[PDB]
Amino acid sequence: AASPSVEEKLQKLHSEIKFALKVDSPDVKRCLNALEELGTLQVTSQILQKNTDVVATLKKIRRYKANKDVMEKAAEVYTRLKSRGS
């Protein structure tokens, strides 16, 4: 059946990553869930080049100190994107 494209899904995932880093109310699980979908999404160079700002945020959470898990999942995901891009 039809399903939304990676970039369409990315709109949600990127937003969840950002909501998970709310200073007022951070939510690690929210980031992890977004990261894990993003980790399986085909963010190949076609999508990656039009979504460089996402890669920019992924670099921020890979060093996240307020929650270790966020940094780990961001890392596993971010590295996987490099394995699909150019």
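None of the figures in this text is laboratory data; all of them are computed from the coordinates on show. Positions of Cβ are generated from backbone atoms using ideal geometry, with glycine treated the same way; all protein chains shown enter the neighbour counts.
Tell me whether the range 43-58 contains one or more residues that are within 16 Å of residue 27 (Cβ to Cβ) and not acidic (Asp, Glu). Yes, the range 43-58 contains a residue that is within 16 Å of residue 27 (Cβ to Cβ) and not acidic (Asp, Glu). Only one entry in 48, 58 is assigned to a helix (DSSP H, G or I), surrounded by 15 or more Cβ atoms within 10 Å (Cβ to Cβ) and either in contact with a helix residue (DSSP H, G or I) (Cβ under 6 Å, 6 or more places away or on another chain) or touching a residue at least 40 places away in the same chain (Cβ under 8 Å) (or both), namely 58.
Looking only at the range 65-80, filter to residues that are surrounded by 15 or more Cβ atoms within 10 Å (Cβ to Cβ), within 13 Å of the chain's Cα centre (by Cα) and in contact (Cβ under 8 Å) with a residue 40 or more places away in the chain; which one of those is farthest from residue 43 (Cα to Cα)? Looking at residues that are surrounded by 15 or more Cβ atoms within 10 Å (Cβ to Cβ), within 13 Å of the chain's Cα centre (by Cα) and in contact (Cβ under 8 Å) with a residue 40 or more places away in the chain, I get 70.
Just so you know, in the range 13-45 the residues that are more than 11 Å from the chain's Cα centre (by Cα) and among the acidic types (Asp, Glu) include one that is surrounded by the fewest Cβ atoms within 10 Å (Cβ to Cβ), and it is 24. Going by the structure shown, is residue 10 on the phi < 0 side of the Ramachandran plot, surrounded by 15 or more Cβ atoms within 10 Å (Cβ to Cβ) and not in a helix (DSSP H, G or I)? For residue 10, the condition - on the phi < 0 side of the Ramachandran plot, surrounded by 15 or more Cβ atoms within 10 Å (Cβ to Cβ) and not in a helix (DSSP H, G or I) - is not met. The number of residues in the range 17-43 that are farther than 17 Å from residue 66 by Cβ and in a loop (DSSP other than H, G, I, E, B) comes to 5.
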